[PDB]
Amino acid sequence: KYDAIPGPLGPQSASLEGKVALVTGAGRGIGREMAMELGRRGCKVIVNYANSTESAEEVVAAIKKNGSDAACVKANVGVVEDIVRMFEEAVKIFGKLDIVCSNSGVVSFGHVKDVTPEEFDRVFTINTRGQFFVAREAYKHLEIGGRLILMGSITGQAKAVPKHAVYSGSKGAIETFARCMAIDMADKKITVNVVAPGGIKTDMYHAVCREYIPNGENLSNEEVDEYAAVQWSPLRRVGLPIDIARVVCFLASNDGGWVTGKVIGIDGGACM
């Protein structure tokens, strides 16, 4: 019985046709591209957002235009009650849930000496606690054989980024969550993995990329990209949202069936 092949042989194993995915914080940035790409691959997508209402509506319309159904659901991951409600709403929209991408997140910088309890809590509540409860509700609502992909960062393991303990720590915790949740969620045949991107061009990158660059405060946007391209990748280019979306789709497919409890680094070979 253990000789049975799981899923189809050939390219069909990469297909996401007919699947239903939910992506947190899909109104913009990496989450937006995850939504777009899952859609291009045949998924109906639930676009979650907390603040970016108009942007979320635009993503939903873009997904439909590409040939897949989509809908948006407002929910703040810092509020568990919101997460619970979002999932209940989500399953009524398309009738089921096959894939959940926990992507929502915020960044923070500051020397450990200057960190306040309020800032620590702000970051942990969204990045760690928020992902945990999105994971909890995903387990309850996911189809047998489903998928849960959490959002980490190269910072979980990075050794040279100063004034970054809070954000880095909020992300490192996700790697442990993946290993432990992969055990529990396997009782519904759900795989649990964490993607760990390097710097990726989004609103977050624009806001804080210079903080990762010694003496980079006065660099132009052009110099910033040149630095990210040369310093963080032997491939000599900047990371883009699609670079992450592609890996998420692999994990979400039958091709990622034997990949569970893992951290997948997607940083172009960066050393940080």
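Position 1 is the first residue in the sequence shown; the rest follow in order.
Across the other PDB entries of this protein whose models span the neighbouring residues, residue 232 is modelled without exception, so it is unmodelled in far fewer than a third. Modelled in this chain, residue 42 is likewise resolved in all the other entries of the protein that span it on both sides, not missing from even a third of them.
For the segment pair 121 to 129 and 72 to 80, the entry gives 72 to 80 the higher mean B-factor, averaged over Cα atoms.
Looking at mean Cα B-factors across 12 to 20 and 259 to 267, the upper value is held by 12 to 20. If you compare the C-alpha temperature factors of 196, 86, 173, 138 in the entry, 86 comes out highest. The residue among 106, 97, 181, 190 whose C-alpha carries the highest B-factor in the deposited model is 97. Annotation for residue 239: CA B-factor lies in the middle third of the chain's modelled residues. In the deposited entry, the Cα temperature factor of residue 31 places it in the lowest third of its chain's modelled residues.
The PDB entry assigns residue 112 a C-alpha temperature factor belonging to the middle third of its chain's modelled residues.
Among the modelled residues of its chain, residue 246 has a C-alpha B-factor that falls in the lowest third, as given in the PDB entry. The entry lists a Cα temperature factor for residue 186 that places it in the middle third of the chain's modelled residues.
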